[PDB]
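>>> below is the sequence, then the experimental coordinates.
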Amino acid sequence: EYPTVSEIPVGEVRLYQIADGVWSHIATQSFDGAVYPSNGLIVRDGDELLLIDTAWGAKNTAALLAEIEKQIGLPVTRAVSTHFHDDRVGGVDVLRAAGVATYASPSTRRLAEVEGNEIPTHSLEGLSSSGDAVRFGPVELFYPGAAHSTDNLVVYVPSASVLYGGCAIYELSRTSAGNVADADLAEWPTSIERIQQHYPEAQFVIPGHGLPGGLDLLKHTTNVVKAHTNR
Ligand SMILES: O=C(O)c1nccn1Cc1ccccc1
Ligand SMILES: [Zn+2]
Ligand SMILES: [Zn+2]
Ligand SMILES: [Zn+2]
């Protein structure tokens with residue numbers, strides 16, 4: 001069973017092995033009154049680990065980098081932030097202090113700075129226009145276009161057919177739409193289509209938040225997006 005938010009004390013962080021050499025990480029943070037869980041990804045790269053998105057904040061991220069050492073016992077070497085919000089770049093400072101080389105599209109770095117969020121050090125070139133793609137070690141890095149944010153990226157592990165959608169995909173539990181404060185509601189369904197086309201073989205689908213599912217997580221999200229459009 002996958003961790004639910006009611007069993008993760010704040011500042012704590014669990015793992016969950018999807019596949020041989022592919023894990024998710026699961027944290028919590030509280031935001032004006034409530035509790036929300038956040039997913040990242042950990043991909044084995046030979047004898048190194050590649051981390052996808054922070055555990056949402058310095059403290060959580062410090063913790064996540066301790067659990068990896070105890071449980072998997074390999075070094076996290078490179079890190080990618082799938083978008084500029086604090087559940088993704090939150091902890092970039094910590095990671096870099098810890099020997100991790102940190103990455104993000106130039107598009108994401110620019111919005112993070114404007115927002116004031118922490119800014120990954122390196123710049124990922126070649127995903128400025130949809131539906132762009134570049135390879136980064138054990139994964140491919142995909143720009144489907146504007147959706148939950150204008151810069152959002154998505155990740156695929158071919159080795160294990162795991163696709164990580166980030167906050168541009170919701171879990172089925174999520175029926176109403178979230179902070180679409182930075183969203184491009186206009187293009188969000190279009191941009192999901194690009195995803196569906198680029199990875200039809202994907203067996204596990206992991207959203208930014210909550211319970212994994214299959215590729216039917218995409219149609220779920222498109223439905224909730226359009227509902228909100230006409231609100
Ligand atoms: O929607 C998101 O991606 C998001 N990131 C941070 C907070 N949210 C809202 C959210 C998060 C979890 C459950 C419901 C709503
Ligand atoms: Zn976001
Ligand atoms: Zn989010
Ligand atoms: Zn649905």
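That came through fine. Numbering: from 1, shown residues only. Ligands and ions are numbered 1, 2, ... in the order given.
>>> smallest gap between the protein and ligand 2, at which residue?
Using Cβ to the ion, the closest approach of the chain to ligand 2 is made by residue 85 at 3.3 Å. The C-beta positions use only the backbone N, C-alpha and C, and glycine is treated the same way.
>>> not counting sequence-adjacent ones, nearest residue to that residue?
Sequence neighbours aside, residue 149 is the residue nearest to residue 85 in space, at 6.6 Å (criterion: Cβ to Cβ, 6 or more residues apart in numbering).
>>> what is the burial count for residue 218?
24 (other Cβ atoms under 10 Å).
>>> so which bits of this structure are right by ligand 3?
87, 167, 208 (Cβ under 5 Å from the ion).
>>> can you narrow these to ones near ligand 1?
Counting by Cβ under 6 Å from any ligand atom, 87, 167, 208 from these sit close to ligand 1.
>>> any chance of the residues of the chain next to ligand 3 in CSV, plus distance to ligand 2, secondary structure and neighbour count?
As requested, the residues of the chain next to ligand 3 are arranged in CSV below (distance: Cβ to the ion, whole Å; DSSP: H, G, I helix; E, B strand; the rest coil; neighbours: other Cβ atoms under 10 Å):
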residue, distance to ligand 2, secondary structure, neighbour count
87, 6, helix, 26
167, 4, coil, 23
208, 7, coil, 26
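>>> let's have those in TSV, adding distance to residue 30.
Converted to TSV, the residues of the chain next to ligand 3 look like this (distance: Cβ to Cβ, whole Å):
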residue	distance to residue 30
87	13
167	17
208	17
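>>> tell me who's in contact with the residue nearest in space to the middle of the chain.
The centroid of the chain falls nearest to residue 166 when counting by Cα atoms, centre = their mean (3.7 Å). Shown in contact with residue 166 (Cβ atoms under 8 Å, 6 or more residues apart in numbering): 53, 82, 83, 88, 148, 152, 153, 154, 155, 207, 208.
>>> that one and residue 108: what is the separation?
Separation of residue 166 from residue 108 (Cβ to Cβ, to the nearest Å): 11 Å.
>>> hang on, the earlier thing: and which of the residues of the chain next to ligand 3 is nearest ligand 1?
Among those, residue 167 lies closest to ligand 1 (Cβ to the nearest ligand atom), at 3.1 Å.
>>> spatially nearest residue to that closest one (excluding sequence neighbours)?
Residue 167 sits nearest to residue 208 (Cβ to Cβ, 6+ apart), 3.6 Å away.
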